[PDB]
Amino acid sequence: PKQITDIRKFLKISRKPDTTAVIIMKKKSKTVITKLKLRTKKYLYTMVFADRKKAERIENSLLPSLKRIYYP
Amino acid sequence: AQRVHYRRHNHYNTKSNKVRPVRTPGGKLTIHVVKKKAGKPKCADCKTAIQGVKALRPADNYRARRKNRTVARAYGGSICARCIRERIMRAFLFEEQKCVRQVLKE
Amino acid sequence: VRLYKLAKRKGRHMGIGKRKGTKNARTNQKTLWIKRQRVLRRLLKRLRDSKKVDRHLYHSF
Amino acid sequence: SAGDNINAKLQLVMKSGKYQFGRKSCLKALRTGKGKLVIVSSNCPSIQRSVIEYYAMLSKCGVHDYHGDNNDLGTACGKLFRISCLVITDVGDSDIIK
Amino acid sequence: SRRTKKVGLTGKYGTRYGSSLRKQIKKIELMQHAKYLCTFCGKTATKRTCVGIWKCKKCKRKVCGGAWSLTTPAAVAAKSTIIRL
Amino acid sequence: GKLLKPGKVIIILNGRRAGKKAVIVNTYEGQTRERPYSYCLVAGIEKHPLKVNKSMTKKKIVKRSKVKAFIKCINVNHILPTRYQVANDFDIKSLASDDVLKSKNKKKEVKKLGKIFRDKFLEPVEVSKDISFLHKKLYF
Amino acid sequence: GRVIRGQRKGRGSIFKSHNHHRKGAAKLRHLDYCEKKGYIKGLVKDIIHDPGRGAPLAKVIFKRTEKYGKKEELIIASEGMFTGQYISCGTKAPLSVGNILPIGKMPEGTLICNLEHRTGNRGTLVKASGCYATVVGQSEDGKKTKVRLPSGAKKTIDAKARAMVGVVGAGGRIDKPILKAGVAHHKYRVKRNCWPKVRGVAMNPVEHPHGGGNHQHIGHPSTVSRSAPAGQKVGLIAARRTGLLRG
RNA sequence: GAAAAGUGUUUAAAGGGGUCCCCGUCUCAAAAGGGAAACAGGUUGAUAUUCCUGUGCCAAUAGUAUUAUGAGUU
RNA sequence: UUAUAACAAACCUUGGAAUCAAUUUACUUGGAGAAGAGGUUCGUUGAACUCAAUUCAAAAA
RNA sequence: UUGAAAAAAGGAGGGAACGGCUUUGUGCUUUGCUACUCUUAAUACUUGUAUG
RNA sequence: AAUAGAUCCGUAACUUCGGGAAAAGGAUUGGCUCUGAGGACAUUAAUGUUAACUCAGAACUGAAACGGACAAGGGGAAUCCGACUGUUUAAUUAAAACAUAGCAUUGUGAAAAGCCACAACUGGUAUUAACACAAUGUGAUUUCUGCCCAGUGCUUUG
RNA sequence: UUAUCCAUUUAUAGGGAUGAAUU
Ligand SMILES: [Mg+2]
Ligand SMILES: [Mg+2]
Ligand SMILES: [Mg+2]
Ligand SMILES: [Mg+2]
Ligand SMILES: [Mg+2]
Ligand SMILES: [Mg+2]
Ligand SMILES: [Mg+2]
Ligand SMILES: [Mg+2]
Ligand SMILES: [Mg+2]
Ligand SMILES: [Mg+2]
Ligand SMILES: [Mg+2]
Ligand SMILES: [Mg+2]
Ligand SMILES: [Mg+2]
Ligand SMILES: [Mg+2]
Ligand SMILES: [Mg+2]
Ligand SMILES: [Mg+2]
Ligand SMILES: [Zn+2]
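Residues numbered from 1 in each chain as written, not as in the entry; some residues may be left out. Chains lettered and ligands numbered in written order. Part of a larger assembly, values for the part shown. Heavy atoms only, no water.

- This entry, as listed in the PDB, derives from cryo-EM and reports a resolution of 3.2 Å.

1. Digging into the packing of aromatic side chains
Thinking step 1. Inspection of the entire model under this criterion finds 15 aromatic pairs over all chains.
Thinking step 2. For the pair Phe21 of chain D and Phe81 of chain D, a centre-to-centre distance of 5.6 Å together with 75 degrees between the ring planes defines the contact as edge-to-face. Note that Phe21 of chain D is positioned in strand 1 (residues 17-21) and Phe81 of chain D in the loop between helix 4 (70-76) and strand 3 (85-91), a separation of 60 residues in sequence.
Thinking step 3. Accessibility expressed as a relative area gives 43% for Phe81 of chain D, which makes it partly exposed.
Thinking step 4. Following the ring pairs from residue to residue traces out a cluster consisting of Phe92 of chain B, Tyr54 of chain D together with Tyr84 and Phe133 of chain F.
Thinking step 5. For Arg87 of chain B, the ring lying beneath its charged end belongs to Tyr75 of chain B, and the centroid distance is 4.9 Å. (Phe/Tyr/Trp six-rings, centres within 6.5 Å; stacked < 30°, edge-to-face > 60°. Helix = DSSP H or I, 4+ residues; strand = E, 2+ residues; numbered from the N terminus. Buried < 20%, exposed > 50% of the residue type's maximum accessible area, 1.4 Å probe, protein only. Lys NZ or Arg CZ within 6 Å of the ring centre and 35° of its normal.)

2. Structural notes on the interface of chain B and chain D
Thinking step 1. The interface is formed by 7 residues belonging to chain B together with 4 residues belonging to chain D.
Thinking step 2. With both sides pooled, the region where chain B packs onto chain D buries about 580 Å², and carbon together with sulfur makes up 77% of that total.
Thinking step 3. Across the contact surface, chain B and chain D share 0 salt bridges.
Thinking step 4. Here the side of chain B that touches chain D is built from residues that sort into 3 nonpolar, 1 polar and 3 charged. (Contact = heavy atoms within 4.5 Å. Buried area = accessible area lost by both parts, 1.4 Å probe. Salt bridge = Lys/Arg side-chain N within 4 Å of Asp/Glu carboxyl O. Nonpolar A, V, L, I, M, F, W, Y, C, P; charged D, E, K, R; others polar.)

3. Notes on unusual backbone geometry
Peptide bonds are trans in most cases, and residues, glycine excluded, mostly fall at negative phi.
Thinking step 1. The residue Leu41 of chain F is not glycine, and still its phi comes out positive at about 55 degrees.
Thinking step 2. Topologically, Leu41 of chain F is positioned in the loop between strand 2 (21-24) and strand 3 (42-47).
Thinking step 3. For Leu41 of chain F, a relative accessible area of 3% gives the class buried.
Thinking step 4. Not every positive phi belongs to a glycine, and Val126 of chain G is a case in point at roughly 55 degrees.
Thinking step 5. With a relative accessible area of 8%, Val126 of chain G lands in the buried category.

4. A few points about the interface of chain G and chain E
Thinking step 1. The partner chain E presents 31 residues to the 32 residues of chain G that form the contact.
Thinking step 2. It is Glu79, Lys176 and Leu179 of chain G that lose the most area in chain G upon contact with chain E, and together they represent 27% of the buried surface on that side.
Thinking step 3. Where chain G packs against chain E, one counts 1 salt bridge.
Thinking step 4. Here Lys62 of chain E and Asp46 of chain G are joined by a salt bridge, their closest N and O atoms 3.7 Å apart.
Thinking step 5. Where chain G touches chain E, the interface holds 9 residue pairs in polar contact.
Thinking step 6. A total of 3 residues in the side of chain G that touches chain E trace back to one element, the largest contributor, which is strand 1 (residues 40-48) of chain G.
Thinking step 7. Split into classes, the residues belonging to the side of chain G that touches chain E amount to 16 nonpolar, 10 polar and 6 charged. (Polar contact = N/O pair within 3.5 Å; in protein donor to acceptor, adjacent residues only side chain to side chain.)

5. Here we look at the protein's contact with RNA strand J
Thinking step 1. Taken together, 29 residues lie near RNA strand J, and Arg69 and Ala74 of chain B together with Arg64, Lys137 and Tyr139 of chain F sit nearest.
Thinking step 2. Restricting attention to atoms of RNA strand J within 4 Å of the protein, one finds that 79% of them are sugar or phosphate atoms.
Thinking step 3. Here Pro58 of chain B contributes a backbone N or O atom positioned 3.1 Å from a sugar or linking oxygen of RNA strand J.
Thinking step 4. In the model, a base nitrogen of RNA strand J is placed 3.2 Å from a nitrogen or oxygen of the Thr49 of chain E main chain.
Thinking step 5. Sorting the residues of the surface near RNA strand J by element identifies helix 1 (58-63) and helix 2 (66-69) of chain B as the ones contributing at least two each.
Thinking step 6. Of the residues assigned to the surface near RNA strand J, the class counts are 11 nonpolar, 9 polar and 9 charged. (Near = heavy atom within 4 Å.)

6. Observations regarding the pairing of strand 4 (residues 44-49) of chain A
Residues and elements named next belong to chain A.
Thinking step 1. Both strand 1 (residues 2-3) and strand 4 contribute to a ladder of 2 bridges, which runs parallel. Directly across from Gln3, in strand 4, lies its bridge partner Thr46.
Thinking step 2. In this structure, strand 3 (residues 32-39) lies alongside strand 4, joined through 6 bridges in antiparallel fashion. Pairing of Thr34 across the sheet is with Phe49, part of strand 4. (Pairing = 2+ DSSP bridges.)

7. Topic: the side chain of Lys71 of chain G
Residues and elements named next belong to chain G.
Thinking step 1. Within the fold, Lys71 resides in strand 3 (residues 70-76).
Thinking step 2. Buried and unpaired, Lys71 has no salt bridge, with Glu66 as the nearest side chain of opposite charge at 5.0 Å.
Thinking step 3. If we ignore the near neighbours within four places in the chain, the residues touching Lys71 are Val60, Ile61, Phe62 and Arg64. (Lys, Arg positive; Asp, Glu negative; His and termini not counted.)

8. Quick look at the protein's contact with RNA strand K
Thinking step 1. RNA strand K sits among 108 residues. The nearest are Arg12 and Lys20 of chain C together with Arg192, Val234 and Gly235 of chain G.
Thinking step 2. Sugar and phosphate atoms constitute 78% of the interface atoms of RNA strand K, taking the interface as everything within 4 Å of the protein.
Thinking step 3. Here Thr124 of chain G contributes a backbone N or O atom positioned 3.0 Å from a sugar or linking oxygen of RNA strand K.
Thinking step 4. Separating a sugar or linking oxygen of RNA strand K from a backbone N or O atom of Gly235 of chain G is a distance of 2.5 Å.
Thinking step 5. Counting residues per element, the surface near RNA strand K draws most heavily on helix 1 (residues 5-10) of chain G, at 5 residues.
Thinking step 6. By residue class, the composition of the surface near RNA strand K is 39 nonpolar, 36 polar and 33 charged.

In structure tokens, the structure reads:
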């Protein structure tokens, strides 16, 4: 499992066709934190956002053939 | 205390079967087998450890990226810098001496 | 046990009669020496760094 | 007798004169051209000795193979550490240059 | 306080083994555990590894030599003869 | 005297250029906040001309005797100076330029240097010993 | 009766050598064109313990004259050899401690070791720690040379036979008492199982000529003929004299 | 050696690596030596580092042809 | 190659040491280059460290 | 008493060999043009069914 | 049975000067309430936050008791044997037997040697080489080891 | 010396004057 910090890199990864599923998790922080996981054939890449709206926007951006798993 | 047991087949306290007791998310204390500490790769002359080489076991050395095995000198990851220097000096100076000897003869 | 430990902290149960290990077993002479030397040497190092003591003096001390 | 003379000369240099001992300093001196004469102990490890010789040749400096050990070369000078090679960069009253 | 008068290195042996034997050991143990003068680096660092093998700590040059001393007399004599030749 | 005069050939002792032989072009010997050490600036050969037979064809010979060069500023304490001096057989100022060490097209400069070296090897003159020395790969 | 301890040794079962940790056989160079007509120099790359031996070994590396590659010999180290010393071997070698020369080319008085008794034998005499032989003469006929072995014995060898100038390392190892039984235990533990030695006189008759009696005594002369058989040859074999040696 | 067996390079024409040369007895012998790679949680009446969920790791992966990925050379 | 941090070592540059110095619980080490100053690496370790991200504001190419 | 070996792996030394396509003559030589040599991953297709 | 743990004291003969030695032989020991000694850090010599556990001393206290159970040498003066640690008759003998270091003797210079094995070849010692291997005896140290070569053995000349 | 015997090595140049070393 890997972490991602460059949003652009994440986007690129998403664009790449072996990325079957996205996992999008909501977490009550000690505000609503959001973890964006992409499930690639090789690795499970995750991005952490402090900011909900940004997270939402990025989710929206994600290709609509991704197999989105809303965990909690 | 939480007690433990070997899980991998080898149930004796050998150098290969050394063990690091580790806490799980479950709360169970488990035993994890430590991969042995490898020997630092050494100089073809003085048998001192060569720098810039990850000391890895022969299994793990095969996988590691070529930068982690090599150093970019001449004799590289087989001879330390000091020794290399000395070798170079020998190669030059002795050659020079030979020439001098020849001159003397003639 | 906690009460006992508190009492020991105030020095209470420690005492000739309540003592079965040799002096070294109770608290190792070697460990005490180590402590002391480390304390002293550290202090010396500090002093020399501050320049409050000169090299020569430090070394002899 | 020769050895004694050499020792005396060394002493003289120490008293009045500019020197510096040990490989690196000596080499530096040679590179500069500041070295007038280098004196090298019997026990100086072969390669380094050779290097020193080469440097001297390049600078047309004298090479003097000191008869005695590392230890002696040091005792010959005022010093309680073993020496190996030293470079006189100015002779005072002393003759050793000639 | 200097602890032992006559014994020195053979205090480890204690009461056991003849006094004569311990005396002999003493010479040899002194010879063994001395740091000898290294003929290359100068430093008195040649201590004994194995029996006839003497490693300088400084330069790491293993000199073959005596079992107890670094140089036996016979060997030295031989060397001298060779030099003369 | 001053051992390392511009044009003298030296053997590098340290670094990636470990046992490579080279010509010094401009000595500095001035310690600074940037480079707190007397340094030499050197133009040398990494990959020497390979051994060649009379039997071989000319193009192939030329290919064989390509000489891959390098330009490196180096601590004088890392170089073994030689008796050999090539102030004559090269216009030395033309080999390496101080200013161009900084510049972007350093690889271009290196290439040019290499070409020059190759040319020199092709036309030796009468035949200097220094140049011969430079030609031969140091075996250690 | 039973088979005596001595007899058991020859079958070599537990009585074989403890060969496991030994570094290899100590041998001179093969006798090549080099060594016969000139000299070859090798580097002593390391000086090492060979367990069951008392004398340290020198791994000496030579460069093979007939194929590109370095090959290692195991020489017995003379005193004064050291790592990074060059050892030279051959007819026209120079006479220095360490070097390997035909006995013909060493003046009288020279001290030698690792001596081949026949040429090519890869060196056989004077190998034990401390020991040396002396060249005592070379005949006016040339050819043979007279040597004096550590025993005292004088022997005549070929002059072409090689040897090593100097004395073998680890001298005087016998000077220091073993003191403890355990140190002897450790000594033989690396050689072969010849230790403890129970006394024949402490055994029963089934076991040993000396065995039995209500007293612990040998009971019959303990000098036995050369021409005895296996279980008889037990006391002082073939003894020319006995008692405290006066000569 | 009558064989059965006894010895294992002692006087061999004893399979591998490269593009003819160069190496070279075979085989078995370690479930504590050497060694490619695994963890957690869950689950059964009875198995689990072996199933389940999840997360990895290791070793392969023939040729030819496209694609992309980056290097290097002009 | 977990990223980094810290630490025992090993090495590099500089520096040039007797009024010897650094230094360990222990002794070890030094003109074959010590201390000091700045680095490199392996090894422990496996999120230590502001570690990473983000918040906006100021200075370079 | 100096404290296994080998499989396996790695590093170094060394400098063997060297672009591709088209045309001509008996794998080699000559003539003309500039995307080449690697590299992982995916994909396709024949070859026994090419993942444990 | 007594002795025993610890702390403090004291510790002889004799000795191979290492030991003997925990010699012998004394004292103290609980609980409570205090006192003193012993660090780290970080402010700026004084003032802070703060940590073990150990030592030493003093009051009071009790049916004079306290290593309160548990656990834990009996010691000395000699003599005999074996120097010692070690090993041994599995299921009656643990020793004074064996071993041991030390000592001394003996053989052997080599693949035609020594010692031993094998039916035979061949092997072991030996990946060895006289400071070695083999074979005996005695059994640390100290101090010595006298006389006898006729008897028997071994051996040297031919 | 040719039988026989022993040794030595990869059966590796016919006899005399502490670098590298291969196509
Ligand atoms: Mg103590
Ligand atoms: Mg005995
Ligand atoms: Mg016995
Ligand atoms: Mg009996
Ligand atoms: Mg009988
Ligand atoms: Mg009896
Ligand atoms: Mg008796
Ligand atoms: Mg098998
Ligand atoms: Mg195993
Ligand atoms: Mg079960
Ligand atoms: Mg006893
Ligand atoms: Mg006992
Ligand atoms: Mg019994
Ligand atoms: Mg007995
Ligand atoms: Mg006695
Ligand atoms: Mg008598
Ligand atoms: Zn080295």
